[PDB]
């Protein structure tokens, strides 16, 4: 497996919920980058060096993903709720001495990120979320067209071992299908093949796949419930935040992303990037430039 972050250190950060793996590079204010599904930290390999010129970039595998330890789940999928994940990452950052840091997340990592910002906003200087709406918003907009487009939200949330048994027949196909289907081009051409290798190898582990389903089960239940409480209480993210989304991406599929985030965040700017879901790999220059400018503010 290729090192896609030449010059970046490698940290195994111990937490009470297991070790967080992270590539660490650059200097300056701490910036935590969180990948999503079905990826690992290496999806930032095209934008992290650019950020590393101005920030201490911490590129972490989510709890349960990539090389991070996999906390044993439970009946409520607790360790893979975004609330628990955010707690674990806060702990991880504290092990490095970062108690106040900037955060950019994509996909599942973006969900950890806004949940972190709701639960523990004092930990965040600024927050960027890439190609998501809040989990609550996806579910609330889950009509026919949206159920078809993000079917995996209900499929991977099915009780164990139903998704796991089906994914186990041909894990390579599924990880490649999900990568391809959500690019602007609809194929794997936006990805570095050595990165695809990282994604493929992570997905080949049956426990890693279970964890991804657990993440999606949390996404269907506890994560939804946590968000529901916040939106129905009018709890807004007080951290300055950037919402970036792909013009051909998931977030814009069933809502105007900046409109939705303005319901969730008191101080949100948004920009579309010509790209599918995988902004940091499909449109690395445009994404890194948006992130550098936002976080330099």
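Residue numbers count along the first chain shown, from 1.
S.K.: Can you tell me which stretch has the higher mean Cα B-factor, 140-148 or 112-120?
M.R.: It is 140-148 that shows the higher mean C-alpha B-factor.
S.K.: Comparing 257-265 with 35-43, which stretch shows the greater average C-alpha B-factor in the deposited entry?
M.R.: Here the higher of the two C-alpha B-factor means belongs to 257-265.
S.K.: Which one of 58, 70, 51, 242 shows the top CA temperature factor in the record?
M.R.: Among 58, 70, 51, 242, the highest C-alpha B-factor in the entry belongs to 51.
S.K.: Using only the C-alpha B-factors in the record, can you name which of 135, 125, 189, 165 has the highest?
M.R.: Answer, based on the entry's C-alpha B-factors: 189.
S.K.: Grab the CA temperature factor for residue 205 from the record and place it in the lowest, middle or highest third of its chain.
M.R.: Middle third of the chain for residue 205's C-alpha B-factor.
S.K.: Test of reading the entry: by CA B factor among the chain's modelled residues, which third contains residue 249?
M.R.: Its C-alpha B-factor, which the entry lists for residue 249, ranks in the highest third among residues of this chain.
S.K.: Give the position of residue 232 by CA B-factor within its chain, expressed as the lowest, middle or highest third.
M.R.: Middle third.
S.K.: C-alpha B factor of residue 84, ranked within the chain: lowest, middle or highest third?
M.R.: It falls in the bottom third of the chain.
S.K.: Give the position of residue 100 by CA B-factor within its chain, expressed as the lowest, middle or highest third.
M.R.: Answer is middle: the recorded C-alpha B-factor places it there.
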